[PDB]
4 protein chains.
Amino acid sequence: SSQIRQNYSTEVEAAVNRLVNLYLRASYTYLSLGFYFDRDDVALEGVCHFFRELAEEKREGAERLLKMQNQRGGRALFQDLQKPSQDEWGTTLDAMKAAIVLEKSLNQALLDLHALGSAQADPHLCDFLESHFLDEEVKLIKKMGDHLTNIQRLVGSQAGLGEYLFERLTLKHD
Amino acid sequence: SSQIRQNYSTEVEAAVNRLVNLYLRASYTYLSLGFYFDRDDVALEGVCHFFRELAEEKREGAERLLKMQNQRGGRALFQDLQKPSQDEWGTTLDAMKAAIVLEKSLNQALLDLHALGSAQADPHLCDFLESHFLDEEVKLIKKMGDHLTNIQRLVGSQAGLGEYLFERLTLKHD
Amino acid sequence: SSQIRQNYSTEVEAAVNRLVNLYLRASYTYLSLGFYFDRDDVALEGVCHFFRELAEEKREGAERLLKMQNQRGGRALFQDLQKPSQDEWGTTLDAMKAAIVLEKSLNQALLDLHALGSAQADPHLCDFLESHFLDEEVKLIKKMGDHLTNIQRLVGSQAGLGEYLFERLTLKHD
Amino acid sequence: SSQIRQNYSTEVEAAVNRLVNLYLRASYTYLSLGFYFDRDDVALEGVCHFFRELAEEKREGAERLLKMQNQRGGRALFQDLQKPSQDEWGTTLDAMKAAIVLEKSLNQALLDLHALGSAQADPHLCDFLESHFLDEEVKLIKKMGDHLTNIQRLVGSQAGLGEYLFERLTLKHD
């Protein structure tokens, strides 16, 4: 195999490839989510920007994983990227709820990969996950949580107005 | 006693120690109030910041009192700090009402300490209180009063929306 | 419970709350230690500054833990803060010895919390502890160790002079 | 009397004149104290500078009182300035002890003048004393207290060495 490869199991290599596919699919979902809010009949610029920034970040997460795969002497294998689960994404509350379950899925896959790295006794992979993925997932899910609380507060009172103000004052002005 | 101590009664020294405990407990309450509004299910960043800035200011008020105690030749004695009276703080209106009674308590303790300094004929303590505590308490209670009026105005109309706008436009934008 | 909470056990949440209480009590002890050395009859400015900087750092350690608690979807619960174990702290050697046992206690609590995070298989908490608490504790206990060696060296020869020089040349000039 | 004079009693005017004489005598004592430590057989430059800075400050205290006397429509009356109580001032410990009793005397005279201003119901004089004399006296006596503690610490161990180090490291280097 690789002249470079040391202490890097085939189970972790396969799992890193599965996680690349997940981040790339997560990126594809956020592209869809971003352009839906750019529709003239949805028209919530701040929400479009929030999801297109996440699409970039998830694409960057996969590339980092691909760099790490090569560094360890693993081989990247790509699979088909499943289209997003929805074509239309409803309201900001609906899209934020879909985004938080999407993020909990990715965070579960990270946790599982870490367990595996621990079971395989691979400290570098564990180091890699802690440093680049674990805390960012925790901060992003807390951000999305905060946003779901605010959207519910607003949309509980007056829906159309609530959505506009949130986009205007939290996403276009924070 | 102290080679330094002059015209500094044991009644004032004991009262200054009681007031340090009160400011430190006030700081502890504001820490609690600040982190509650940082909860993903409360999520009102501006309100969290408003209370964490007050926690710092009250901690600073106690340290000033501790410096003055040493300057006068009094001895600092610390007591247990009682945990905050509540774990959950409700709404911004509820937390602002709790904060204003907390502040009126501290201002009453300052007034009482001043009476005592006057009764003990201690002009420097009276000078110290006037210069660093009395006007700041009056300005802060007037600020909190203004905020309670605005929150009631907003929450009288549409509660969830009202709270968001207040945090957005008075505390995150003033 | 929290919409945010994932892989965050109640055992760790409870232990994080216990550790916040410990850092806040550690901060309260260092406040006491700092103001004692500010007494006109102790008068060791450098030692006062050394302990008041630690009081701030421990307060900051607790706030970080409180931020992490919210990020993970845990709930902060505050307890009474026990007053410092002493009112008077003796000599710099006595206060530095008290400070190092205080710090070993906190470092043991960190170690125990990490064991727990490992037993609960919580990589993010372990990541959090390693990055912000573990190395700082090790560097601070080594600093305190170095200072105890120097104070003993000085106070072994000529006590009053030794203490002054240490404050003058290590703490006011290093 | 003065076309300007309002609510300014003859008791306060006389007491302000007595306090000018005291500050001017305090300044004269500190001049003596400063030049003694400039003697080739005493030769403690830092101590000389410490007392000559106090001589200037006390001279400035009297001039402020003289300005306030004119502002209130009182008339300044000067008396003979008694020479300092000693010609030689011993050691730094001896000179610092003499300086602290000198300062407690002046602070007692300030306190007495304030009582009088309160008894005469003269708020401006009380304001004047609080703002310019009372806190500075309290900070200076605490500084002198701290210095007496350090000198005793040093001179308790090894006298000649102790004095040199104090002048070198607290007064020439703090």
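The residue numbers of chain C are those assigned by Swiss-Prot, with the residues present covering 2-175 sequentially.
Keep in mind that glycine also has a Cβ here, set from the backbone N, Cα and C atoms.
Feature list (source: Swiss-Prot):
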type	residues	note
MOD_RES	C:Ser2	N-acetylserine
DOMAIN	C:7-156	domain 'Ferritin-like diiron'
REGION	C:54-61	region 'Catalytic site for iron oxidation'
BINDING	C:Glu54, C:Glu57, C:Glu58, C:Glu61, C:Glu64	Fe cation binding site
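Here the CA atom of C:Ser2 (N-acetylserine) lies 23 Å from the CA atom of C:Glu64 (Fe cation binding site).
Each of the binding-site residues C:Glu54, C:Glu57, C:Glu58, C:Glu61, C:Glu64 was assessed for Cβ neighbours inside 10 Å, and the highest tally belongs to C:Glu64. You'll find the Cα of C:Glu57 (Fe cation binding site) roughly 33 Å from the Cα of the residue listed as 'N-acetylserine'.
In three-state terms derived from DSSP, the residue listed as 'N-acetylserine' belongs to neither a helical nor a strand segment and is classed as coil. Listed in sequence order, C:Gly74 are the same-chain residues six or more apart from the residue listed as 'N-acetylserine' with CB atoms under 8 A from its CB. Residues C:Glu54, C:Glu57, C:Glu58, C:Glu61, C:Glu64 make up the record's Fe cation site, and a Cβ search at 8 Å around their centroid adds C:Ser28, C:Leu55, C:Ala56, C:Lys59, C:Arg60, C:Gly62 from the same chain. DSSP places the residues of the region 'Catalytic site for iron oxidation' (C:54-61) in helix, strand and coil in these numbers: 8 helix, 0 strand, 0 coil.
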